[PDB]
């Protein structure tokens, strides 16, 4: 069972190939602090048996939040909460990781269960194009703004390391800031940071480069990207392959291949494993390690995509919301004697 074999990234060993995909809980305080919700939520899934927990999109600056209840990492005030969260994940048996994010032109929306409506924040982006009707028009960034955000990512990464997180993921996906620089559906700049493919990758690669310099090479840096945006004339798999080549040269350890979110009016052919082709192509054609994610719900499915060489790591999102001990039970289904906490041995 490949699913339960260790994986070495940098000098870190993950004890299996299952990872908890970052999922916003919208339950931080109004200043982005860890609460009791996270301190129960995440350790539950570490006892559940994942090798790696990626903590949700954590905002590198206040206007980078998706909602007023998102986690933050822009102040030394965030460090005590984050350090405790990382400790509890670690003590429950999983490697603690965290996703650093800036929401860009999709910043400032209400929580999904309080309507999800935009709140009219002063959002920033590559070009002056609203995400959708009702959303504020973003203010195009200049080079001093780009520099300010890049340092917010760099300082976020440093703070995450001091908290004890051992895996940093940069969120360059789903139409948030860096994702929106990559796609021509949202980036229409005519300066060094729009038009060509090389220009569109320029700012995201600057952020990745700078974060890579502050994260020691024995700890993994992950990047998450929207591998296509599903739109007429948009970011495609071929562009992802080019972007992935650059990330590899620069020392990114793994590419977490998602898709969509740049614009709203597109056909997305949802099915089990529908983003696996992107991980597979990156892995096989570029030779960069990949994370597969997207409607992966079954042990036999997860093992099969690893057997096929379509990814190195399987990320699980929604299945771990409704079934947090999935990894323990998946072992049995694959003929592996599960390592369970001794308290629970008689349930297995």
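Numbering follows the first chain given and starts at 1.
* Look up the CA B-factors in the entry and say which stretch, 284-292 or 318-326, has the higher mean. => Comparing 318-326 with 284-292, the higher mean C-alpha B-factor belongs to 284-292.
* Take the C-alpha B-factors listed in the entry for 189-197 and for 89-97, compute each mean, and give the stretch with the larger one. => Per the PDB entry, the higher value belongs to 189-197.
* Asked: Which one of 204, 260, 125, 72 shows the top CA temperature factor in the record?
  -> When the deposited C-alpha B-factors of 204, 260, 125, 72 are compared, 125 is largest.
* Among 215, 173, 103, 254, where is the Cα temperature factor highest, going by the PDB entry? -> Max CA B-factor in the entry, restricted to 215, 173, 103, 254: 215.
* To do: Select lowest, middle or highest to describe the third in which the CA B-factor of residue 56 falls within its chain in this entry.
  => Ranked within chain, residue 56 CA B lands in the lowest tercile.
* Going by what the PDB entry lists, where does residue 138 fall on CA B-factor within its chain: lowest, middle or highest third? -> For residue 138, the deposited C-alpha B-factor lands in the highest third.
* Can you tell me which third, lowest, middle or highest, the CA B-factor of residue 224 falls into for its chain? -> Bottom third by C-alpha B-factor.
* Select lowest, middle or highest to describe the third in which the CA B-factor of residue 4 falls within its chain in this entry. => Answer is middle: the recorded C-alpha B-factor places it there.
* Chain thirds of CA B-factor: placement of residue 50 -> As the PDB entry reports it, the C-alpha B-factor of residue 50 lands in the lowest third of its chain.
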